[PDB]
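A.B. asks: See run.txt below, with compact mmCIF, C-alpha atoms.
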# COMPACT_ATOMS: atom_id res chain seq x y z
CA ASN S 1 68.56 10.23 -25.81
CA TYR S 2 70.84 12.49 -27.85
CA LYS S 3 72.14 15.71 -26.28
CA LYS S 4 69.53 16.00 -23.53
CA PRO S 5 70.08 17.30 -20.00
CA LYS S 6 71.25 15.04 -17.15
CA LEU S 7 70.88 14.82 -13.36
CA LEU S 8 73.60 13.80 -10.92
CA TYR S 9 72.09 11.62 -8.20
CA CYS S 10 74.22 11.36 -5.07
CA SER S 11 74.21 8.03 -3.25
CA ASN S 12 74.52 9.94 0.05
CA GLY S 13 70.92 10.60 1.08
CA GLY S 14 69.63 10.48 -2.50
CA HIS S 15 70.30 14.15 -3.29
CA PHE S 16 70.41 15.58 -6.78
CA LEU S 17 73.26 18.04 -7.35
CA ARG S 18 71.86 21.58 -7.50
CA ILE S 19 73.38 24.82 -8.75
CA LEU S 20 71.44 27.86 -7.46
CA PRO S 21 71.20 31.29 -9.18
CA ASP S 22 73.27 32.99 -6.45
CA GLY S 23 76.12 30.56 -7.17
CA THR S 24 75.41 28.26 -4.20
CA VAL S 25 75.95 24.55 -4.85
CA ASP S 26 74.15 22.00 -2.71
CA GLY S 27 71.84 19.00 -3.04
CA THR S 28 68.11 18.52 -2.97
CA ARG S 29 65.97 15.43 -2.51
CA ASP S 30 63.27 17.10 -4.63
CA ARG S 31 63.57 15.62 -8.12
CA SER S 32 61.30 18.40 -9.49
CA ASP S 33 63.60 21.16 -8.24
CA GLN S 34 64.13 24.05 -10.65
CA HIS S 35 67.97 24.01 -10.50
CA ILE S 36 69.14 20.38 -10.95
CA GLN S 37 69.23 19.99 -14.74
CA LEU S 38 72.82 19.63 -15.94
CA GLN S 39 74.83 19.41 -19.12
CA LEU S 40 77.90 17.20 -18.79
CA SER S 41 80.36 17.88 -21.52
CA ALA S 42 83.69 16.29 -22.21
CA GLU S 43 86.94 18.13 -22.80
CA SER S 44 89.69 15.50 -23.13
CA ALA S 45 88.90 11.84 -22.35
CA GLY S 46 87.79 11.62 -18.70
CA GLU S 47 87.69 15.40 -18.23
CA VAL S 48 84.33 17.07 -17.86
CA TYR S 49 82.51 20.33 -17.31
CA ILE S 50 79.23 20.22 -15.40
CA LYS S 51 76.86 23.04 -16.38
CA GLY S 52 73.59 24.00 -14.65
CA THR S 53 71.29 24.66 -17.62
CA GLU S 54 68.70 26.61 -15.63
CA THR S 55 71.25 29.28 -14.66
CA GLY S 56 74.06 28.93 -17.23
CA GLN S 57 76.59 28.33 -14.44
CA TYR S 58 79.41 25.82 -14.42
CA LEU S 59 80.27 23.78 -11.36
CA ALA S 60 83.62 24.88 -9.95
CA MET S 61 85.76 24.25 -6.89
CA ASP S 62 87.65 27.06 -5.15
CA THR S 63 91.07 27.03 -3.48
CA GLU S 64 89.51 25.94 -0.16
CA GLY S 65 87.58 23.05 -1.70
CA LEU S 66 84.17 24.72 -1.76
CA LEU S 67 81.85 24.11 -4.70
CA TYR S 68 80.41 27.19 -6.40
CA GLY S 69 78.65 28.15 -9.63
CA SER S 70 80.77 30.02 -12.17
CA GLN S 71 79.23 32.04 -15.01
CA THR S 72 82.44 31.35 -17.04
CA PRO S 73 83.91 27.85 -17.69
CA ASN S 74 87.52 28.29 -16.47
CA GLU S 75 90.33 26.15 -14.99
CA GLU S 76 88.42 25.68 -11.71
CA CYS S 77 85.51 24.10 -13.63
CA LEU S 78 87.29 21.04 -15.00
CA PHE S 79 86.72 17.71 -13.24
CA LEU S 80 88.31 14.31 -13.68
CA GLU S 81 85.56 11.67 -14.04
CA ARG S 82 86.01 8.09 -12.85
CA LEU S 83 83.54 5.25 -13.20
CA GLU S 84 83.35 3.14 -10.06
CA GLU S 85 82.55 -0.58 -10.05
CA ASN S 86 79.17 0.15 -8.41
CA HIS S 87 78.16 2.18 -11.51
CA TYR S 88 78.32 5.54 -9.76
CA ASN S 89 80.94 8.12 -10.76
CA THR S 90 83.33 10.35 -8.90
CA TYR S 91 84.48 13.84 -9.91
CA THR S 92 87.90 15.13 -8.87
CA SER S 93 88.89 18.78 -9.16
CA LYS S 94 91.48 18.84 -11.96
CA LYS S 95 93.10 22.02 -10.58
CA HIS S 96 93.34 20.37 -7.13
CA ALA S 97 93.86 16.78 -8.22
CA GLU S 98 97.03 16.40 -6.14
CA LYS S 99 94.88 17.04 -3.06
CA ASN S 100 92.33 14.45 -4.22
CA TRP S 101 89.44 16.84 -3.67
CA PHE S 102 86.13 15.37 -4.84
CA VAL S 103 82.74 16.85 -5.56
CA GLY S 104 80.72 15.70 -2.56
CA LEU S 105 77.40 16.17 -0.77
CA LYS S 106 76.52 15.57 2.89
CA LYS S 107 73.43 13.70 4.00
CA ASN S 108 71.98 17.08 5.05
CA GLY S 109 72.29 18.24 1.43
CA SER S 110 75.15 20.69 1.89
CA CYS S 111 78.45 20.61 -0.04
CA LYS S 112 81.09 18.41 1.59
CA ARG S 113 84.18 20.58 0.90
CA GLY S 114 87.21 19.07 -0.89
CA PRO S 115 89.38 18.33 2.18
CA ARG S 116 86.40 16.73 3.96
CA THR S 117 85.80 14.29 1.10
CA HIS S 118 87.46 10.91 1.05
CA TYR S 119 87.70 8.07 -1.46
CA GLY S 120 85.09 5.43 -0.69
CA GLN S 121 82.61 7.90 0.90
CA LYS S 122 78.96 7.79 -0.24
CA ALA S 123 79.26 11.61 -0.35
CA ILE S 124 81.37 11.42 -3.54
CA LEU S 125 79.29 8.95 -5.56
CA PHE S 126 77.07 10.41 -8.32
CA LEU S 127 75.00 8.54 -10.86
CA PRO S 128 74.30 10.37 -14.13
CA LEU S 129 70.56 10.15 -15.02
CA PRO S 130 68.54 11.40 -17.99
CA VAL S 131 66.18 14.34 -18.20
CA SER S 132 63.27 13.73 -20.58
CA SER S 133 62.91 15.56 -23.90
CA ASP S 134 59.78 17.31 -22.70
Before we go any further, please render this structure as structure tokens.
C.D. replies:
Amino acid sequence: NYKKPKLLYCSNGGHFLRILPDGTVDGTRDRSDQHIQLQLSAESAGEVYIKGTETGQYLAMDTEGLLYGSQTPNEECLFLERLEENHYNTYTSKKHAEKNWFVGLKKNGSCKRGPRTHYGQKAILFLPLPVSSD
């Protein structure tokens, strides 16, 4: 299990985080979706980038709290990872950390924008899962 892709499974409705070619970020319940394979890479300890391998885009959060796919890994692409007691993780926008804006998905699969997210919500809980070698 060395350097293989990962999925991020959201507790809220069981959606996998999805980064679409047009830069849309949402969730899908379809675990065989073509746009859910991710590479999580660390910067400093507890800082991560989340890259959609099928498009080459990095997960980013804009100044309004909306998730989008960025072709370039810039300041808006860094997230602070925390490991909750329930074994799911949360991801906080580093650039907007003072606002406590999380990566989040609604039960309908759409992005729950930064200001609509809230600590303790199922919307913000993501479990990293493997993708098989082949």
A.B. asks: Using only C-alpha atoms, find the one residue out of S:92, S:1, S:24, S:11 that sits nearest to residue 110 in chain S.
C.D. replies: S:24
A.B. asks: Please list as a ChimeraX atom specification every residue within 7 Å of range 63-77 of chain S, counting all atoms listed in the file and excluding residues in the same chain fewer than 5 positions away.
C.D. replies: /S:19,23-25,49,56-58,95,101,111,113-115
A.B. asks: Taking all atoms listed in the file into account, name the residue in S:79, S:48, S:32, S:84 that is nearest to residue 120 in chain S.
C.D. replies: S:84
A.B. asks: What is the distance between CA of residue 107 in chain S and CA of residue 36 in chain S, in Å to one decimal?
C.D. replies: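 One can read the CA of residue 107 in chain S to CA of residue 36 in chain S distance as 16.9 Å.
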A.B. asks: Measuring between all atoms listed in the file, which one of S:31, S:99, S:87, S:51 shows the shortest distance to residue 131 in chain S?
C.D. replies: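 Selected residue with least distance to residue 131 in chain S: S:31.
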A.B. asks: Separation of CA of residue 33 in chain S and CA of residue 102 in chain S, in Å?
C.D. replies: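 A separation of 23.5 Å between them.
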A.B. asks: Measure the distance from CA of residue 93 in chain S to CA of residue 30 in chain S in Å and round it to one decimal.
C.D. replies: 26.1 Å
A.B. asks: Check the smallest atom-to-atom distance from each of S:45, S:59, S:123, S:10 to residue 29 in chain S using only C-alpha atoms, then report the winner.
C.D. replies: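 Comparing S:45, S:59, S:123, S:10 against residue 29 in chain S, the winner is S:10.
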A.B. asks: Hey, what's within 10 Å of residue 91 in chain S if we count only C-alpha atoms and toss same-chain stuff fewer than 2 positions away? As a PyMOL selection string, please?
C.D. replies: chain S and resi 46-48+50+78-83+89+93-94+97+100-104+124-126
A.B. asks: Skip residue 9 in chain S itself and residues of its chain fewer than 3 positions away, then list as number ranges by chain all residues within 8 Å of it, counting all atoms listed in the file.
C.D. replies: S: 14-17, 126-129
A.B. asks: Taking only C-alpha atoms into account, name the residue in S:41, S:6, S:20, S:86 that is nearest to residue 54 in chain S.
C.D. replies: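 Smallest distance to residue 54 in chain S is found for S:20.
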A.B. asks: Name the residues in contact with residue 5 in chain S at a cut-off of 9 Å, using all atoms listed in the file, excluding same-chain residues fewer than 6 positions from it; report them as a PyMOL selection string.
C.D. replies: chain S and resi 37-40+53+129-133
A.B. asks: Which of these, S:105, S:122, S:22, S:62, has the shortest distance to residue 88 in chain S once you count only C-alpha atoms?
C.D. replies: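 Smallest separation from residue 88 in chain S among the options: S:122.
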